[PDB]
There are 6 protein chains.
Amino acid sequence: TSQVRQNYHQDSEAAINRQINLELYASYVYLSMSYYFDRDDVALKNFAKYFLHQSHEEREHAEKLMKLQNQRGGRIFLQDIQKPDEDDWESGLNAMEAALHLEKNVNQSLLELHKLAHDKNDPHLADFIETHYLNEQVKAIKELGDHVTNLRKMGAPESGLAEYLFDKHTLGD
Amino acid sequence: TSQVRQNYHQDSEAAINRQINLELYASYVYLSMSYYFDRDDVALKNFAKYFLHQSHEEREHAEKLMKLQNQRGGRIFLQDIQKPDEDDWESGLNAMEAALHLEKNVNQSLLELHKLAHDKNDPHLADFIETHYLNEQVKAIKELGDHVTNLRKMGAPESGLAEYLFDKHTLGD
Amino acid sequence: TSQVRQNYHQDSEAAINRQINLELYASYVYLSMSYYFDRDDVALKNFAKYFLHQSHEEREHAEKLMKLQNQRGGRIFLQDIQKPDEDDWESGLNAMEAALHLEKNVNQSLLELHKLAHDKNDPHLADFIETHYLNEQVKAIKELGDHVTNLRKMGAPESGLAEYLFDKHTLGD
Amino acid sequence: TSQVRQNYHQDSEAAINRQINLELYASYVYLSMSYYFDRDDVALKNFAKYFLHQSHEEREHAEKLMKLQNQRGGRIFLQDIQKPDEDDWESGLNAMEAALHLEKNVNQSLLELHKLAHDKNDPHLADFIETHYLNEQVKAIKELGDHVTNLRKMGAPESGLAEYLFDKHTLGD
Amino acid sequence: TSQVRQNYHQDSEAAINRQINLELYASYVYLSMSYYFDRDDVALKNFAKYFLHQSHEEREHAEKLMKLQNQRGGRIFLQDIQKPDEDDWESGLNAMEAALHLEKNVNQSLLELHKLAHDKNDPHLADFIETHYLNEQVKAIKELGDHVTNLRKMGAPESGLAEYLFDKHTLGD
Amino acid sequence: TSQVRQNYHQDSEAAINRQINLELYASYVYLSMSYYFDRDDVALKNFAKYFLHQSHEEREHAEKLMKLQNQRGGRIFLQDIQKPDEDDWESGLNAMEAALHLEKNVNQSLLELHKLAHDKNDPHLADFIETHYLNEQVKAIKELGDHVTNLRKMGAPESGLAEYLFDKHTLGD
Ligand SMILES: O=C(NO)c1ccc(C(=O)NO)o1
Ligand SMILES: O=C(NO)c1ccc(C(=O)NO)o1
Ligand code: NA
Ligand code: NA
Ligand code: NI
Ligand code: NI
Ligand code: NI
Ligand code: NI
Ligand code: NI
Ligand code: NI
Ligand code: NI
Ligand code: NI
Ligand code: NI
Ligand code: NI
C-alpha cells in the first residue's frame with residue numbers, strides 16, 4: 001500500500017483506470033475523424049482541425065486522470081485502446097452526430113464515477129470530477145448539438161454546399 | 001409636493017410611469033428572444049447577441065426615464081412586468097417581425113407622450129422625448145425593416161441556409 | 001426531448017425557471033431602491049449607485065441561469081415579474097435591512113435547489129450552484145449585515161448625519 | 001443569534017473552531033521544524049526555508065477558516081496551541097515523515113468535517129472545504145511522499161551527503 | 001555544548017525562550033482582536049486590518065528571537081501558547097487599551113531581559129535588544145496611547161459614530 | 001481509386017498503416033513510462049518529463065504518417081493499440097534500456113519500409129523516410145545509449161543516489 005493513500009477506495013481506483021482507457025479511446029476516435037476529413041475525396045480542412053483539437057483535448061483528459069491516480073495513491077493499469085467503430089464517417093453531419101453520441105457516453109461514465117465517489121465518501125474525487133470534467137462535458141455536448149442543428153437546417157448531408165459553407169463560416173474561426 | 005417640481009403636470013407624470021413600464025416590458029421581450037436563439041434546436045448565436053444587446057438598450061431607456069422622473073419632481077411608481085406574448089419565436093424572420101411590431105408600438109406610445117407634453121406646455125419634456133427617444137426609435141424601426149426585407153428576399157423562413165448565412169454575414173459584424 | 005438532455009430531471013428544470021424569475025424579481029427590487037435614493041427628498045447618490053450595481057448583478061444571475069437551462073437541455077419559461085413590496089423605502093438603514101431579507105430569501109431558495117439537485121443525482125447542477133451562486137450569496141449577506149450594523153451604531157435612521165456620512169465614507173469608495 | 005446566520009448548524013461551528021486550532025498547531029509544528037534545521041549542528045538552510053513556508057501556509061489556512069466562521073454567522077473561540085511533540089527532529093528524512101503524518105491527520109480531520117457538512121445539508125461549507133482545502137492537502141501529501149521516497153533512495157539518514165545534496169538540488173529551487 | 005557558543009549564559013538562553021513564547025502569545029492576542037472586529041455585529045474593517053498587521057509584526061519578533069537563539073549557540077524550547085484572556089473585546093477603545101497594556105507588559109519583559117544581559121556581561125545581546133526591540137516597543141506604546149486618547153476625546157465607546165469615523169479617518173490610511 | 005494516387009503501390013500503403021500503428025504504440029509505451037516515474041514510490045520528475053515529451057514526439061510521428069497517407073492517395077486503416085509489455089519499469093536505467101530497445105525496433109521497421117519503397121520505385125516515399133524519420137531515429141538511439149552508459153557508470157540501478165543525481169544534472173536541463 002502506498003504511503004500517500006488515504007480514503008481512496010479500490011473501486012474508485014478501478015473506475016479511474018477504466019475512465020483513463022475511455023478518454024484515450026475517445027482521443028483515438030477523434031483522431032480518426034480528423035484525418036477522415038483530410039482525405040482528398042472529403043477535403044474539409046476546418047472539420048479536420050476541429051476534430052484534431054478535440055482529440056488533443058481528450059488526451060489531456062486522460063493524462064489528467066493519470067496524474068490524479070498517482071496523486072491519491074492509486075496505481076495506473078493501462079489497457080488496449082480499441083479501434084474506432086468506423087473508418088469512413090460518411091459526412092460532416094454524420095461525424096458530428098457520432099461525436100455527440102461519444103461525448104454523451106463518456107458523460108454517463110463520468111456521472112456514474114461521481115456517484116461511486118460520493119458513495120464511497122470521497123469528497124476530493126467527487127469535487128475533482130465536478131470541477132475538471134462535468135461542465136466541460138456539458139459544454140461539449142451543447143456545442144455538438146448546436147453544430148448538428150445548424151448542419152441539419154442547412155440541408156446536410158444532401159447539400160455539399162451546406163457542409164462547405166459550414167466548414168468556412170463556423171469551424172474556420 | 002416636491003421642492004423641485006415646476007411646470008410638471010401630473011398627466012405627464014403618469015405617462016412617464018407607463019412608458020417606464022413599457023420600456024421594461026420591451027427589454028423582457030428582447031431577453032426572451034435572445035435566449036430563444038440560444039437553444040440547441042435553434043442555435044443562432046448572432047441573433048441571440050443582437051437581441052441581448054437590444055434588451056440592454058431598452059433597459060437603458062427605462063432607467064433614463066426613471067432619472068427624468070426624479071429630475072422633474074415626479075414620483076416613480078413601478079408596476080408588474082408582463083410576460084412576453086410567446087415563448088417560442090418560430091424563426092429568426094418571425095422574431096424580427098415581432099421586434100418591428102414591438103418597436104412600432106413603443107414608438108406610437110412615445111409619440112402620444114410627446115403630444116401630451118406639447119399640450120401641457122412642457123417644452124423640456126417635449127425636447128427630452130425629441131432628443132433621447134424619437135430618432136432612436138426611427139433608426140430601430142428602419143433597421144428592423146431592413147433585416148426583415150433581407151431575410152425575406154433570401155428565402156426565409158423555409159430556407160434555413162438563409163438564416164444561417166444571415167446570422168453570419170449581417171449580424172456577426 | 002432535446003438532443004442534449006442527459007440526467008436533467010424535469011423537477012430541476014422547473015426549479016431553474018422559478019429561480020430565474022426570482023433573480024429577475026430581486027433585480028427589480030434593487031432597481032426600485034436605487035432610484036428611491038435618487039429622489040430630491042432622499043438624495044443619497046452612493047446608496048443609489050450601490051443598489052443599481054446590485055440590480056445589475058442580480059440580472060447577471062438571471063441570465064446565467066437561462067444559459068444554464070439552455071445548456072442542459074431544459075426549456076426557458078418566463079413569468080411575470082412582480083412589483084416590489086414597497087415604493088417608499090423610508091431610509092437607507094431600512095433599505096439595507098430589506099435587501100438583507102431579500103438576499104436571505106433568495107439564498108434559501110438556492111439552498112433548496114441544491115438539495116433537489118443532489119437528490120435527483122445531478123452533480124453538474126449541484127456544483128454549478130456550489131460554484132456560481134452559494135458563496136456569492138454568503139458574501140452578500142455578510143456585507144449587508146455589516147452595513148446594517150454600521151448604520152445602527154451610528155444612530156440611524158434618526159440621525160440623518162449618520163446616513164450622510166455613511167453614504168460618503170463607506171459606499172462612496 | 002447573528003443576523004447573517006442561515007443554515008449554519010452549531011456542530012459545524014464547533015468543528016470549524018477545532019479545525020482552526022488544528023491548523024494553528026500545524027503551523028507551530030512547522031515553525032519548530034524550520035528553526036530546528038537552522039541550528040549550527042544541523043545546518044540545512046533549504047529545509048528550514050521549506051518548513052517556514054509551510055508554517056506560513058498553515059497560518060493562512062487558519063485565518064481563512066476564521067474569516068469563514070465570521071462569514072456564516074458563527075463565533076470564533078480560540079484555544080491554547082499545544083507544543084509540538086518533539087524539539088529535536090533527528091534528521092531531514094525524519095522531519096519529512098513527521099510532516100507527512102501531520103498532514104495526513106489534518107486531512108482526516110478535514111474529511112470528517114466535510115462529512116459533517118454534507119450531513120447537516122450545508123452545501124456552502126461542503127464546497128468551501130472541497131475548493132480551498134481538500135486538493136491542497138492531497139498535493140501536500142503527495143509532495144511529502146515524493147520527498148520521503150527520494151531521501152530514502154539516497155541513503156538517508158545514514159548518508160549525510162544525501163541530505164546535503166537533497167537540500168541543494170531539490171529544496172533549493 | 002554547541003561549537004559556536006561564546007559568552008552566552010544559560011540564564012540568557014532561558015530568558016530568550018520565555019520572550020519567544022511571549023511574542024507568540026502577543027501575536028495570538030492580536031489575531032483574536034483582529035478577527036473580533038471582523039464580526040458582522042462589530043464590523044470595523046480597518047481596526048481588523050490594524051490588529052492583523054500587529055499580529056504579523058509580533059510573529060516577526062518571535063522568529064527574530066529564534067534566529068538569535070540559534071545564532072548565539074542556544075537551543076530553542078517551545079511552550080504552549082496560552083489562549084487570550086478574552087474572546088469578546090467589547091469595543092475598539094477597549095481593544096486599544098488592552099493592546100496598550102499588552103505592549104507595556106512585553107516592554108517590561110524586554111527591559112528585564114536587557115538588565116539580565118548587561119549583568120551577565122553580554123554586550124551583543126544587550127545591543128540586539130537595544131536595536132531591534134526597545135525603540136519599536138516605545139513607538140508602539142506611544143501610538144496606542146495616541147489612539148486611546150483620540151478615541152476617548154471623540155466620545156467612545158458610547159458614541160459608535162466616533163468609532164466609525166475613527167476607523168475611517170485614522171486607521172483607514 | 002483516389003484521383004491523386006500516382007506511383008503509390010498498395011504494399012507501401014499497408015506498410016504505412018502498420019508504421020502508423022507502431023508509432024502510436026511507441027507513444028503509448030512512453031506515456032506508460034512517463035507516468036511510472038510520477039508515482040510517489042519512484043518520484044523522478046525529470047524522467048517523467050523526458051518520457052512524456054518522447055510520447056508526444058511519437059504521436060507527432062504517427063500524425064505525420066497519416067498526413068503522408070492521405071497525401072499520396074492511400075487510405076488510413078487504424079488498428080487497436082496494444083498495451084505496453086510492462087506496468088512496472090523497475091528503475092530509470094531499466095526504462096532507458098527498454099526505450100532503446102523500442103527505438104531500435106521502430107528503426108528496423110522504418111528501414112524495411114525504406115527498402116520496400118526503393119523496391120517499388122517510389123522515390124518520394126523513400127526520401128520522405130530519409131528526411132523525416134531515419135536521422136531522428138539515429139539521434140534517439142545514440143541519445144538513449146548515452147543515457148544508459150551514464151546511468152551504468154554511476155552505479156545504477158543499485159545506487160539510487162545515481163538515479164537522483166542523473167535526474168537532476170542530465171534530464172533537468
Ligand atoms: O446523499 C446521501 N449520502 O451522501 C444518501 C443517499 C442515500 C441516503 C439514505 O440512505 N437516505 O435514507 O443518503
Ligand atoms: O553598571 C554596572 N556594570 O556594567 C554596575 C552595576 C552595579 C555596579 C556596582 O557594583 N557599583 O558599585 O556596577
Ligand atoms: Na428640439
Ligand atoms: Na464543488
Ligand atoms: Ni473527455
Ligand atoms: Ni449525499
Ligand atoms: Ni460567406
Ligand atoms: Ni425603447
Ligand atoms: Ni441573485
Ligand atoms: Ni470625513
Ligand atoms: Ni492546513
Ligand atoms: Ni550537483
Ligand atoms: Ni513584540
Ligand atoms: Ni517514432
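Easy rule for this one: first residue shown is 1, then count along the chain.
Quick check of the header: X-ray crystallography, 3.0 Å.
Keep in mind that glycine also has a Cβ here, set from the backbone N, Cα and C atoms.
Feature annotation from Swiss-Prot assigns site 'Essential for association with cargo receptor NCOA4' to D:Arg18; the stated evidence is experimental evidence. Under the heading Fe cation 1 binding site, Swiss-Prot lists D:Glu23, D:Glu58, D:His61. Per Swiss-Prot, the feature Fe cation 2 binding site maps to D:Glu58, D:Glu103, D:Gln137.
The DSSP secondary structure for D:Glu103 (Fe cation 2 binding site) is helix.
Looking at D:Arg18 (site 'Essential for association with cargo receptor NCOA4') and D:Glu58 (Fe cation 1 binding site), their Cα atoms lie 14 Å from each other. Distance between Cα atoms for D:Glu58 (Fe cation 1 binding site) and D:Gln137 (Fe cation 2 binding site): 11 Å, as a whole number. Most Cβ neighbours within 10 Å, among the recorded positions D:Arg18, D:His61: D:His61 holds that distinction in the structure as shown. Here the C-alpha separation of D:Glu23 (Fe cation 1 binding site) and D:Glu103 (Fe cation 2 binding site) works out to 10 Å. Take the mean position of the Cβ atoms of D:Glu23, D:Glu58, D:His61, the recorded Fe cation 1 site; other residues of that chain with a Cβ within 8 Å of it are D:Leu22, D:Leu24, D:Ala26, D:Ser27, D:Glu57, D:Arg59, D:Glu60, D:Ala62, D:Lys64, D:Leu65, D:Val106. Same-chain residues with CB within 8 A of the center of the D:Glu58, D:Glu103, D:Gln137 CB atoms, the Fe cation 2 site residues themselves not counted, are D:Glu23, D:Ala26, D:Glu57, D:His61, D:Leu102, D:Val106, D:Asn107, D:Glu136, D:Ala140, D:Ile141. Taking a C-beta cut-off of under 8 angstroms and a sequence separation of 6 or more, D:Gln137 (Fe cation 2 binding site) has the following same-chain neighbours: D:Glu103, D:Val106, D:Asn107, D:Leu110. Reduced to three states, the DSSP call for D:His61 (Fe cation 1 binding site) is helix.
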